[PDB]
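>>> Here's my sequence, what's the structure:
(3 chains)
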Amino acid sequence: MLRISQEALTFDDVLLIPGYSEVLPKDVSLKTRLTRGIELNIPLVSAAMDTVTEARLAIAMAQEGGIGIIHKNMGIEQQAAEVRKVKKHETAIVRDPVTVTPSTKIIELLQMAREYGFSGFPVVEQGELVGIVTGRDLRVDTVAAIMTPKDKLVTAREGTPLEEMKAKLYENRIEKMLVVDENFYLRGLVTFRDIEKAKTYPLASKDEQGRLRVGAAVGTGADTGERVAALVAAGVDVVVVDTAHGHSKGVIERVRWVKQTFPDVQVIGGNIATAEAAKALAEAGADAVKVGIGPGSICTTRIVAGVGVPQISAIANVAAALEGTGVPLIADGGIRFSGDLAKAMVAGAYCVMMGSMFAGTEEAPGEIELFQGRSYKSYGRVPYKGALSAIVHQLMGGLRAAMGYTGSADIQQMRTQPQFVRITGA
Amino acid sequence: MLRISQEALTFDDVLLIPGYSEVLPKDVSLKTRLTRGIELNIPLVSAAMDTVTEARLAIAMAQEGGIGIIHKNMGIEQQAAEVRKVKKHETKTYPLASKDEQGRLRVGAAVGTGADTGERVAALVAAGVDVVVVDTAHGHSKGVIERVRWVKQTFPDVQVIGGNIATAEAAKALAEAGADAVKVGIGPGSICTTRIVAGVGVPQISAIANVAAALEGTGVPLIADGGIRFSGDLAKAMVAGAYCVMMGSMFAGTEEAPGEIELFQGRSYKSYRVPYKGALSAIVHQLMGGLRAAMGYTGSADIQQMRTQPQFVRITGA
Amino acid sequence: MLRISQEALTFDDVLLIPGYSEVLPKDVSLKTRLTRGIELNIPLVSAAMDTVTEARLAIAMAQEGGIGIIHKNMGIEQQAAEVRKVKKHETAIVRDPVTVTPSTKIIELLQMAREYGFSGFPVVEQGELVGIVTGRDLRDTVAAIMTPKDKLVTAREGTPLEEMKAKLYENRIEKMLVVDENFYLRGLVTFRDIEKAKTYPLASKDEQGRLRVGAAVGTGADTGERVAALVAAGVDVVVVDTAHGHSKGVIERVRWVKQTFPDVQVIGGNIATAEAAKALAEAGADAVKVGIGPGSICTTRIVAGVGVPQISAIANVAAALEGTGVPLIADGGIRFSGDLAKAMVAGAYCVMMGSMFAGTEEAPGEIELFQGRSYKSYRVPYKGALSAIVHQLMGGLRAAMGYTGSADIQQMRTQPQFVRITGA
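Residues are numbered from 1 along each chain as shown, chains lettered A, B, ... in the order given. The relevant structure is shown in the block below.
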């Protein structure tokens, strides 16, 4: 007979049922996991599309508390360079301040200050911090004779938390402080005002060195091994083996190879839409899976190949397959409104990947253009959407409202407790 | 493990089945209850929206045999003053008029859960409001349930409605808290904001039926609030178990509703821009005329029969 | 007998005829006059509309080489304050430093420092800068520990940026407080903000180097008070701006401004006839603004049946004002850069734009996202930076001047010819 496995449901087939609520939307927790080893403060990921995620938007995603996956429609060194931009983004510490040496002449010092200002130059000897030259030191031969010496410097160790650095600035009644490593080598320069500015982004997704998190997509083609190596050496947090059909020999073996070749990087595999595909990727060592095969009603995979799984059922089947494995699942595709995002969470997603909704923001690729009195991003013209932060705030506002309606205090509750009603086309 | 509780139906999913009939539409009874203590001569309530119910339309609603809920998008003294206008209004004869034991027209008033709610209730009560409606987007919540308890303990002699809700468990929670009635409707509309923004909602026929089953034998009425576009939907809501129906935007733009007559582009509107709909009585007459027709088709002589005896068919999209 | 004075033409009725050309569009001169006494480097003025011109956009217009007219849908002192914002603008100055007084408790200053740090705090008394509390000063009250007045290194507001930069270097500091002639604290300037500052070579500036600005008034009861407050705030031009400038009220108010405030420029409008131009010129107007029912379905035409198609209105006013020295501003009906070029050739000295500038970054309103598209809300589509619209408008004018062979505005206004075309 006709081999039908199940009836499968999409976002419009279901609604969340309100439940007893004690926590206000503004008070719920949105914290979740992207992978086994990566936590996110909001369950939001930007897709690896060449209209959506390069370094600029990836930085903003991490600042909001999610993460961006840098697209792979570019050369290997070009993609590694995009990853480097994200890892080098300075939340507060100036990593490469302008320096002088003890033997540097005052005449060159003064000529440098005419170009860079009298901000006070650190004095180094082959990288080793030996002092600082303040404007006062010049007011009241070489830099050595007038420099503030090491014993008078207030410094902080590299890797100290920003709030602890701000406290050392406060206790010492200073505005600037040098950052050093265990061998007193200069590693940066930090400022009270810049730490305070950093509170603009209190949810920022950072690695353990305080660098913004970022991901990067790869495929299965011949240069994948070289591309992964370049992305890893650039400091990427997660490699996303990202293809149309993750349940394939090519993707499973590539995930396995990443996990065995680069054990210290996280690896995502996808896309998949079935329990069995999730178990295959988990056994291959995936730190997370990405869910979405023909999730959209009119997408190319459905029309050209007749293939797809409605996204609510795909998410729930993958979630059930991975329960108790520790492996998160990313919902990728079909989300038009914040309400869909909430339904994806209640079906079992750990976080949601958005694509076209972020195209046309300030931070996304492209240049602004005005055409017949309206604003677009040009590269083929998408409407200009303004700042990414406003879209993120609306999406998380809707999720917060749903969690308030269902009485879910946190993401773990939202994923496991609320119920759907199924509705008709009427 | 997709956690699906049930298939839920809306108005367009069902049709009333005709039954053996002996009573004509013009002769059936429309008397019902708003709350434990308030009876109405027609099963109609006006919503607490600032485009729908202030004193003028609340007076009209009571004269028709329903009741208005004065909206709370105004100061406390203003809302109390609106209540006083209705309670003091003295006149045309309105023999269906909803009236209290003292012969004054009935009126309700909405409050929320915010910090000034206690002061607002006290003022509405001192002005003679018949029912206080604790009216929020999510009545199945600590704050709404606690506020309903406080009204019932602090002002035992006023009726209190809690809402909105859409489940049996929520209905039991509000009734145990002392609600004299519950208001039903969470994301009842097809493309409403609750559904688009939060993905939350219960199709209104199943929500009404689930609440009616939860409250059977308790004496606590339920008010159907939202999703009703035609008199036919109203009839369906009653057969699903509603005691009466709350209308909102349908009454906006009537003569008696807030706003001022405005001419523009050769058409009439109310501005504060909603199309001008003429006198409220003509809409009420149409809605009640359709309910009477439905009761004639189903053979229901009164509201109690209409709510408990007729049957639906479920239909498809086609 | 049906009293018809003439057939009147609008922009769509005519096209510019190409002429022999030797000057490339990039090389023509766009310099013109707003009024008898005010020159502009581009022939663009922003309208006195509350969706278009407040201080932010007026500043951008002046930096582009044009000027903005601040709208009058606000209080008198609010309008004076908008003018002051333009007259005193400087991008490199950080405004409103958080201050302390000598009788502030050290304990309170240490509390504030939790947010503000130790960079540190200017000290004011009776509204005058009297010292500063630096971090070294904190390692009773501020009076005891503050650095005294005689040790402050300050700059005067309005000092050229290169002089401020030289003073920073000479004093081995990276930032200093900015004061006015009363030693009132006006802000703070840093090396980094000086280096980041953009220069505007075409900027419309007065004799003191301040950006030019105008402001609208009407003819109602408080006009005299409003004019006085605008003039005192340093406004460069008063625009007596009504629906019907050819009236006793406007003519007498224009004359009052010229007689009462002879050192300010005055514009009268709106008009659309030769006789109205002569009447405003005789009243003392330094320029006239042309446009009565210039649009096809505007309210003046629909409600009152009144209007003059703008090409003919411009040309009739220009003919009437020839040899008087009084410029004319074309106000209304301009949809595309091509209409702007036509308005210049019909005789305008510059063009006032309104709703085309609404919805730009610098115009009033806040950006809003709505159905996946950007709007400004008070809703109009969001249009990005004003500079891109100005660039396109002036690019189109430059192209027209290249087509007509006009090397400068004076030639563009007097030499090229139109063809008249049919509806087809």
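
>>> and the stretch 251-400 of chain A, which residues reach chain B?
A:312-313, A:316, A:319-320, A:337-343, A:346-347, A:397-398 (Cβ under 8 Å from any Cβ of the partner chain). C-betas here are computed from N, CA, C, even on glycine.

>>> Just want the most central residue of chain A.
Residue closest to the average C-alpha location in chain A (Cα atoms, centre = their mean): residue A:67, at 1.8 Å.

>>> what sits against the residue nearest to residue A:339 when sequence neighbours are not counted?
Nearest non-adjacent residue to residue A:339, counting by Cβ to Cβ, 6 or more residues apart in numbering or on different chains: residue B:199, 3.2 Å away. Going by Cβ atoms under 8 Å, 6 or more residues apart in numbering or on different chains, residue B:199 touches A:11, A:15-16, A:337-343, A:398, A:402.

>>> mind putting the residues you listed in TSV, secondary structure included?
Formatted as TSV, the contacts of residue B:199 follow (DSSP: H, G, I helix; E, B strand; the rest coil):
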residue	secondary structure
A:11	helix
A:15	strand
A:16	strand
A:337	coil
A:338	helix
A:339	helix
A:340	helix
A:341	helix
A:342	helix
A:343	helix
A:398	helix
A:402	helix
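
>>> Could you check how far the helix or strand harbouring residue A:123 is from the centre of its chain?
Element membership for residue A:123, per DSSP states H and E: strand A:121-125. Mean C-alpha position of strand A:121-125 versus that of the full chain (Cα atoms, centre = their mean, to the nearest Å) differs by 34 Å.

>>> Keeping just the C-alphas, turn it into PDB.
C-alpha atoms of strand A:121-125 as PDB (Å, rounded to 0.1, in the frame of the first residue of the first chain):
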ATOM      1  CA  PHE A 121      51.800  55.500  26.000                       C
ATOM      2  CA  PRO A 122      52.700  52.100  27.500                       C
ATOM      3  CA  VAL A 123      56.500  51.500  27.600                       C
ATOM      4  CA  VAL A 124      57.500  48.000  26.500                       C
ATOM      5  CA  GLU A 125      60.800  46.200  25.900                       C
END
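
>>> Kindly calculate the angle that the following helix or strand past it makes with strand A:121-125.
Remark: after strand A:121-125, the chain's next helix or strand is strand A:128-133, criterion DSSP H and E. Comparing the axes of strand A:128-133 and strand A:121-125 via axes from the mean of the first three to the mean of the last three Cα atoms, to 10 degrees yields an angle of 150 degrees.

>>> For the stretch 301-426 of chain A, just list every one of the strands.
A:329-332, A:351-354, A:367-371, A:374-378, A:381-383, A:420-422 (DSSP state E, counting those that start in this stretch).

>>> Next: the stretch 1-150 of chain A.
A:14-16, A:32-35, A:38-40, A:44-46, A:67-70, A:121-125, A:128-133, A:148-149.

>>> Pairing partners for the shortest one, with directions?
In its sheet, strand A:148-149 lies beside strand A:128-133 (antiparallel), with partners assigned from DSSP bridges.

>>> Equivalent analysis for the second one, please.
For strand A:32-35, sheet partners with direction are given as strand A:38-40 (antiparallel), following DSSP bridges.

>>> next one: the partner strand to chain centre, how far?
Worked out by Cα atoms, centre = their mean, strand A:38-40 lies 9 Å from the chain centre.

>>> One more: stretch A:91-105?
That offset, for stretch A:91-105, works out to 30 Å (Cα atoms, centre = their mean).

>>> end to end, how far does that stretch reach?
Terminal residues of stretch A:91-105 are spaced 33 Å apart (Cα to Cα, to the nearest Å).

>>> same deal with stretch A:99-115?
When the end residues of stretch A:99-115 are compared by Cα to Cα, they are separated by 13 Å.

>>> That stretch: how far from the chain's middle?
With Cα atoms, centre = their mean, you get 40 Å for stretch A:99-115.

>>> Then stretch A:255-271?
On Cα atoms, centre = their mean, the centre of stretch A:255-271 falls 18 Å from that of its chain.

>>> And for stretch A:349-368?
Using Cα atoms, centre = their mean, the offset of stretch A:349-368 from its chain centre is 12 Å.

>>> And stretch A:143-159, by the same measure?
For stretch A:143-159, the distance to the chain centre is 35 Å (Cα atoms, centre = their mean).

>>> Output it as CSV, nothing but the C-alphas.
The C-alpha trace of stretch A:143-159 is given here as CSV (Å, rounded to 0.1, in the frame of the first residue of the first chain):
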residue,chain,number,x,y,z
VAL,A,143,61.6,57.9,27.6
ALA,A,144,63.5,55.9,30.3
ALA,A,145,64.3,59.1,32.3
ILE,A,146,60.7,60.4,32.6
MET,A,147,58.5,57.3,32.5
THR,A,148,56.3,56.1,35.4
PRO,A,149,58.1,52.9,36.4
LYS,A,150,56.8,49.4,36.9
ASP,A,151,56.4,49.7,40.6
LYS,A,152,53.9,52.6,40.2
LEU,A,153,51.7,50.9,37.5
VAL,A,154,48.3,49.6,38.4
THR,A,155,47.6,46.6,36.1
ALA,A,156,45.2,43.7,35.7
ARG,A,157,45.8,40.1,34.6
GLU,A,158,44.6,39.1,31.1
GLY,A,159,41.4,37.1,31.5
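
>>> in the stretch 1-150 of chain A, what residue is nearest chain C?
residue A:117 (3.4 Å; Cβ to the nearest Cβ).

>>> now that residue: how far from chain B?
As defined by Cβ to the nearest Cβ, to the nearest Å, residue A:117 lies at a distance of 49 Å from chain B.

>>> Can you show me the helices along chain A?
A:55-64, A:76-88, A:106-116, A:135-139, A:162-172, A:192-198, A:224-233, A:249-261, A:275-283, A:300-305, A:311-322, A:338-346, A:388-406, A:411-416 (DSSP state H).
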